[PDB]
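The data below hold one chain only, encoded as structure tokens and taken in the form deposited in one PDB entry.
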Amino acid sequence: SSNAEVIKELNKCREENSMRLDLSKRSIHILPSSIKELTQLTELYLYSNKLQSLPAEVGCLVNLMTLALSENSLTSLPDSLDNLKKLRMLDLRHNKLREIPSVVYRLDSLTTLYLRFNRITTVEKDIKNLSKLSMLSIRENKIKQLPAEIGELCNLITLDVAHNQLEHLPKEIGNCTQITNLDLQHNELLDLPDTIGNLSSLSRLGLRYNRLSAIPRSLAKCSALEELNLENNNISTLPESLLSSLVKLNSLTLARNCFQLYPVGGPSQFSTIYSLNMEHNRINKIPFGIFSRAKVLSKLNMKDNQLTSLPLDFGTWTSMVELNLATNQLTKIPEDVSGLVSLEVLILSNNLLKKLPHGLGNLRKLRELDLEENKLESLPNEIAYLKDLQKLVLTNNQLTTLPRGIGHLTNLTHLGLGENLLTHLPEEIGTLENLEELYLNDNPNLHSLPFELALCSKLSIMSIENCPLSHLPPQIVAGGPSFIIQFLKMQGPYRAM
């Protein structure tokens, strides 16, 4: 879009006395200084261009309330922007700012400042000039520190400093008591100030990927917390009762820390959680009763801990929907697994299991069952009742066949049986109305597919690589699933259908 098109547009604007001018998405290199005429502008959009500088004449637009500048190549702003004494909203994200332009520290009208994705290293003390700020975003820059004068921003509601190099917060941040979203993910925080309990309106606190080894006891005063994410730190305990005081917590991530037990406290801690993620710790026990009150707990992740067993009451988790216990040392699943009537996903991959409880058959809503990497020598006959099951992964167990009841799994689409000890499959494989994918690779002893495999008319993926299949003619099985399945339709007794 050419210099003369830009000037045509500015004349249309100044003539219609329009109060908004959108010059965005036009690969402009230089904004003409004729824009000084358009003093009746209250919004000017320049985002997504090739600007490497803002003309000074933009400072004449003394009624601007929005200056949208993202996705350009600005490395500074001109000092004349001082005249924008009503500018409430300034967007500079995705530029090449080596710092915040000093003029910006003088726009004390601003209530919204976006600086995501730049190369800023310092936030100057002058930041206290912008006390009307209610939203401040500097995520994806290179800020090593925040000044104490940030406690002067007594109207922040959203403070986003994710993906920087902060190692501390200044205790004065606790003067910002209107804050409700604080994102500190991907920094190098070693600790949090104790003033943090001042933030009694804080509802989303993101500390994932930091160097924290303790949570301040005062965080139990952030009674409005709804989501707390501490994923990947060096935390090994929390101050007692902490979770009990967070009377609205919906989701909690403690994953990838140093915990060996659950946080201490009663069911009061999880009375209100809906999602609880603790993968990648060393927790050796789910305490009896911690979920006795979690009436809306529906996603629990305990993957890769030190579980050797499940609690007596674990079938009381009647509203749970996703349960991941992969990569523990479980040697059996209790029979009260039948109480989990809401379960739709069960991940037990890479434990120590040889058989499954009879009670597994009662999860009438289970859609995905992951059992890879176990020691399974057979499946129970009661899986015939997993009426909703659609994905069943059994790779690298030691099954020799499958229950005849397998054929009742109407809804089953993915049947992963690779790396087993299968000798044959039951004829009732044929009533698998919806089987699309059937993995059978690496079964050194599978010597025949049944002819009723041809009645799976949605079957479009079958791997049999490295299976003798010596009961079928060698040259058929030499031509792969193409020819094996053809052979099973036409030379079996269903070629009529």
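Definition used throughout: the rigid core is the maximal C-alpha set that superposes within 1.5 Å between two forms. Start at 1 with the first residue shown and count on from there.
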For this session: Name the higher of the two by mean Cα B-factor in the PDB entry, 240 to 248 versus 225 to 233.
Result: 240 to 248
Exercise. As stated in the PDB record, which stretch has the larger average Cα B-factor, 178 to 186 or 78 to 86?
Worked result: 78 to 86
Exercise. When the modelled residues of the chain are sorted by Cα temperature factor, does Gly266 land in the lowest, middle or highest third?
Worked result: highest
Exercise. Comparing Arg98 with the other modelled residues of its chain, is its CA B-factor in the lowest, middle or highest third?
Worked result: highest
For this session: Give the position of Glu368 by CA B-factor within its chain, expressed as the lowest, middle or highest third.
Result: lowest
For this session: Classify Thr423 as lowest, middle or highest third according to the C-alpha B-factor given in the PDB entry, relative to its own chain.
Result: highest
For this session: Compare the C-alpha B factor of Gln165 with those of the other modelled residues in its chain, then answer lowest, middle or highest third.
Result: middle
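As for the form deposited in another entry, it is not shown, yet the points below apply to it.
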Problem set entry | Mobile residue between the shown form and the other one, C-alpha criterion 2 Å or more, rigid core, from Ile35, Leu472, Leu51, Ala68 | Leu472
Exercise. Honestly, after the rigid core fit, is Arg217 moving at least 2 Å at Cα between the shown form and the other one?
Worked result: no
For this session: Determine whether the C-alpha of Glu99 shifts by 2 Å or more between the shown form and the other one once the rigid core is superposed.
Result: no
Exercise. Does the C-alpha of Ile196 move 2 Å or more between the shown form and the other one once the rigid core is lined up?
Worked result: no
